[PDB]
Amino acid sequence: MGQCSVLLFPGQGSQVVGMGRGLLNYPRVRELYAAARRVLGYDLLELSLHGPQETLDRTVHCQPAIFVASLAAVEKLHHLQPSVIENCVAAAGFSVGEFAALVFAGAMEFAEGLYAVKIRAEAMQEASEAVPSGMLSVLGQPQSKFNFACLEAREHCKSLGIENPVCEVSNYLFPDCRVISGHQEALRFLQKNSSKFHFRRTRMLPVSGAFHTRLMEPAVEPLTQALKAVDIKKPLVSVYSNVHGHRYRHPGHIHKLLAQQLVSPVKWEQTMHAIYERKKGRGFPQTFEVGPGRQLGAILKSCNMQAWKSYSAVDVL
């Protein structure tokens, strides 16, 4: 009998050349990609299916590519397991994934959401060009001194002549695992001094800029203006925001939260903690990752092994 479901929507990082191929045969998918091509001015499907790889990975292209593939993945799931969509009690999206989750939930229309994503993506790209910045994934432990580490890294950057250096947590992924983002020199400093701050392991991410930090401030006004053209409605299923790991409430607040999301850390670990709380004696929901990759499943496993037992991904390849 019916189990409640949670849908998780991936973000930048999850795209891959070939994404979409395993969706095209499902009703309504080709129509989504046609509608995307209208909003975007270029053939998103073609870039998704065939590349070039480095082009698809550019923040300007991977953000809409992932948005459309995720919503297409919803169509596939609805076709194959309609009860999963009917029984959805919560949705959450990682960074750009928030837009697909809000569209899924009926808060925005597809073309509205896609326009906002296009502007978000263009603006983040332009912001990334202003100064060399990046994102470093860090595995720590209870004793990791994340804040002391960021402060030392900013202090280091000042010694190098960088004004108001940025080095701050930009994503909370899972216990003791964070992405730290900011000026490129701060991140280099962190990699070199990793064991000083009791970091277990670090990896530079293949992205153009320090997303989810104040270095994205130039993108806020363009995104804000884009969202002004959108009529955001109350989500019809609970949608948990990256900004605080709580559910969106008054829809009149959503546009402000999406603009704040751009420059604020992605509270994903917090969101996994919130979503997977169950009432007394109640069951575990089934989780579906609706979009490219299984990266959100890997993170879920690190946050909540028991919830992960009922995780599946919709294959987009």
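From 1 onward, residues are counted along the sequence shown.
In this entry, 204-212 has the higher mean Cα B-factor, the comparison being between 185-193 and 204-212.
On average the C-alpha atoms of 250-258 have higher B-factors than those of the other stretch, with 250-258 and 62-70 being the two compared.
Considering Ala116, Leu77, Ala91, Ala130 together, the PDB entry gives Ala130 the largest C-alpha B factor. The PDB entry gives the largest Cα B-factor of the residues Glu163, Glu155, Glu122, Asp231 to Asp231.
In the deposited entry, the Cα temperature factor of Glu269 places it in the lowest third of its chain's modelled residues. Among the modelled residues of its chain, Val243 has a C-alpha B-factor that falls in the lowest third according to the deposited record. Ranked by C-alpha B-factor against the other modelled residues of its chain, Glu277 falls in the highest third. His50 sits in the lowest third of its chain by CA B factor, as recorded in the PDB entry. The entry lists a Cα temperature factor for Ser5 that places it in the middle third of the chain's modelled residues.
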